[PDB]
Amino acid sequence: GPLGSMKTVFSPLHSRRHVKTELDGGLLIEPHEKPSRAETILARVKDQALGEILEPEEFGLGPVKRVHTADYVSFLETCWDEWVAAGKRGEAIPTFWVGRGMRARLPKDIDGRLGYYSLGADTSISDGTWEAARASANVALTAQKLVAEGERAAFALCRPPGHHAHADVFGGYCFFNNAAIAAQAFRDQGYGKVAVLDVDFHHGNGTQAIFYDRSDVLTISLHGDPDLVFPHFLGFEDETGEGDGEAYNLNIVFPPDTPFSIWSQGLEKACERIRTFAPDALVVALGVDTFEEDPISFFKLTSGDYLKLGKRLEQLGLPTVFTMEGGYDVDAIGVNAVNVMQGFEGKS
């Protein structure tokens, strides 16, 4: 496509995930991660003529299982059917989990397995969750293929998001780690080193965990202080990797009310870390829940700041896949996410 354009991959199958309940503050509420998020971004991609929009190819479970365990993939496929067959009347929500002092032992019971495979209770599973998660991973893999076959960049309009999912744990509205799947696909195709930069408001705990003992995939996240927000139990600045991965994970933490003038100092530190890592490809886990009107987050970026973010990311000079993560003010989510892509393409 012409200079100033970027392709977007989008699957209509995201609408197969449309849960009705989310545990929040002790109540079952309307979920934050709703289908209109993807539809609003897509409409803005079309309205601004960002570039070609294409549906994903089907890559099968192979590339997903380069990152996720077979038992976990099997669990996600059967969980809903087993839940209904066991007589439960609500959506599939964990009630019990492996508390501190208990065994990490897989039980037969579906409630037990729900808790074994989860890190939170705000991510209901229902009919179509499996199909939407599969399509979202294929969206990311199709974007990776576009870039591997010649595009400078591509936008993977993933829903559900991915960066909170571990090799065998779901939560934070995520099931398959689309960013990690794209990064591993780059590695499997002969890209020697890959960086994953997580600019979503929340820590990419799943991505950090998946590559934690590796030096061939650099993981960086900017996020709200986990002492104060999800995911609470990872994301601290003292987590720098393990074994061969020591010095190849970087967390940058910010307090409530942080604006772009401060957040972008952390962005500059992340970009300098990417420069010294010198990767062959970049995956950006993009959330716009850093926005000043986001209902669940406490940074203060403006819509115009997303143009600046995209410009700065283009200056890294790397083949780049963007995977859509969070962002919950639906009025502005399309403007904000597409502003990143437009800034990358030279707008403003």
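Counting begins at 1, following the sequence as shown.
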Going by the entry, of stretches 126-134 and 157-165 the one with greater average Cα B-factor is 126-134
For 20-28 versus 335-343, entry-based mean Cα B-factors point to 20-28
Max C-alpha B-factor within the set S261, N205, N178, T95 falls on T95
Residue set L318, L309, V283, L301, per-entry CA B-factor max assigned to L318
Chain-relative C-alpha B factor for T290 (record values, thirds): the lowest
Temperature factor at the Cα of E246, chain-ranked in thirds, falls in the highest
Entry-reported C-alpha B-factor of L222 relative to its chain, by third, is lowest
For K193, the third of its chain by CA B-factor is the middle
Binned into thirds over the chain's modelled residues, the C-alpha B-factor of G90 lands in the highest
